[PDB]
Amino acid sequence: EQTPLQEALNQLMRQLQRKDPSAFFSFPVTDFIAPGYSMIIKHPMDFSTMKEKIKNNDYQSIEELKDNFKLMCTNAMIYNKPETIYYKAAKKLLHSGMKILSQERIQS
């Protein structure tokens, strides 16, 4: 029995992962795939961690999920140089994901 907020966050997640066809952001980045990663990135984030937070009722709002999504993409721009495939992928995903997540206030 999931809450309406959990349901809403799951639906946003399905849309966001469709914008990552290479699966670069599905799971945590290890020091084996990315030498020295843990030496540089001190606040890691990825889509599997976000899904576990949803399941554990660790989100209070869509805002919180959007900020963790931003943190995941910004981390790739700190660790990887601008010329690399991972920096370019992060920029593309940040922009398409924010088109999904951003919206106008809704007033009564």
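In this text, the rigid core denotes the largest set of C-alpha atoms whose superposition between the two forms falls within 1.5 Å. A residue's number is simply how far along the shown sequence it sits, counting from 1.
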(message) Core-aligned, RMS over all structures and residues: is 20 to 28 or 95 to 103 the stretch with the greater C-alpha displacement in 7 other deposited structures of this protein?
(response) 95 to 103
(message) Please compare 47 to 55 with 62 to 70 and name the stretch with the higher mean C-alpha B-factor in the deposited structure.
(response) 47 to 55
(request) On mean C-alpha B-factor from the PDB entry, just flag whether 34 to 42 or 71 to 79 is the higher one. (result) 34 to 42
(request) Looking at the entry's B-factor column for C-alpha atoms only, identify whether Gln15 ranks in the lowest, middle or highest third of its chain. (result) middle
(message) Could you place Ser96 in the lowest, middle or highest third of its chain by Cα temperature factor, using the values in the record?
(response) lowest
(message) Could you place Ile85 in the lowest, middle or highest third of its chain by Cα temperature factor, using the values in the record?
(response) middle
